[PDB]
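Reading through the structure tokens given below for one structure.
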Ligand SMILES: [Cl-]
Ligand SMILES: [Cl-]
Ligand SMILES: [Cl-]
Ligand code: NI
Ligand code: NI
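Residue numbers (PDB author numbering), protein chains in the order written: chain A, 10 to 123; chain B, 12 to 55, 61 to 123.
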């Protein structure tokens, strides 16, 4: 439930490799890549204190709330821990609404898949 | 672990979705199709599953499995480099393990 974050970097062969970590008690997320990088990966979980799930950007703080917002809203709806990896170029806010609506449609049609 | 994917025509793109359902957790991936497939999770030896569709590239499934072995927990690996040379991958794995030894409370 309690999230901690870490990052580190290393020169391996002739390239800078960048690592991000998210630690929960029973789960670990390891991300390997380059720096700089996009910060489009989030996790949210239902707090038992508030009705609003706490959403964290796993790849470093960002002011873009697309992934954190989606994760939070889906965690609210499903009552489980939700990771979102949002890999779309098009960050028009209306496009994101279309995407979110499509996800909700799938959840209505196939609740057992979520 | 249960996997699902779907696509939708939204404006002038296919938007592509991948879903992984565990009992406690859900992973949603949004992007384009076709796409890279280098995201895995391992849990219990630990068994590794590719979240983004079957692949012959074992970089992330291999890494996840090895780190899940070492840590005894569920481990996701997202491998975002082009270089999938197995010697390079071992260097990557070793660097992670060094960090785990130095800062065990961060893992
Ligand atoms: Cl470099
Ligand atoms: Cl089609
Ligand atoms: Cl293949
Ligand atoms: Ni970073
Ligand atoms: Ni796919």
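For each residue, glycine too, the CB sits at the ideal point set by N, CA and C.
- Remark: C-beta atoms of residue 123 of chain B and residue 75 of chain B do not approach each other more closely than 8 Å.
- Beyond the five residues adjoining it in sequence on each side, residue 15 of chain B comes within less than 7 Å, by CB distance, of 30 in the same chain, given in chain order.
- As the crow flies, the alpha-carbon of residue 24 of chain A is around 43 Å from that of residue 57 of chain A.
- Considered as a whole, the segment 64 to 119 of chain B harbours 90 to 95 as its complete beta strand (DSSP E) runs of no fewer than 3 residues, in chain order.
- With a threshold of 8 Å between beta carbons, residue 95 of chain A makes contact with chain B.
- With respect to chain A, the C-beta atom of residue 113 of chain B has no partner C-beta closer than 8 Å.
- Within the segment 71 to 85 of chain B, those residues whose Cβ lies closer than 7 Å to any Cβ of chain A are, in chain order, 83.
- Taking 8 Å as the CB threshold, residue 32 of chain B lines the interface with chain A.
- For the 8 Å CB-CB criterion, residue 52 of chain B and residue 91 of chain B form a contact.
- At least one CB atom of chain B sits nearer than 8 Å to the CB of residue 19 of chain A.
- Judged by the Cβ position, residue 98 of chain B fails to qualify as a neighbour of ligand 1 at the 7 Å threshold, every heavy atom of the ligand being at least this far.
- Less than 8 Å divides the Cβ of residue 62 of chain A from the Cβ of residue 55 of chain A.
- Linking residue 114 of chain B to residue 36 of chain A through their CA atoms gives a straight-line distance of about 19 Å.
- Rounded to whole angstroms, residue 104 of chain A and residue 117 of chain A show a C-alpha spacing of 20 Å.
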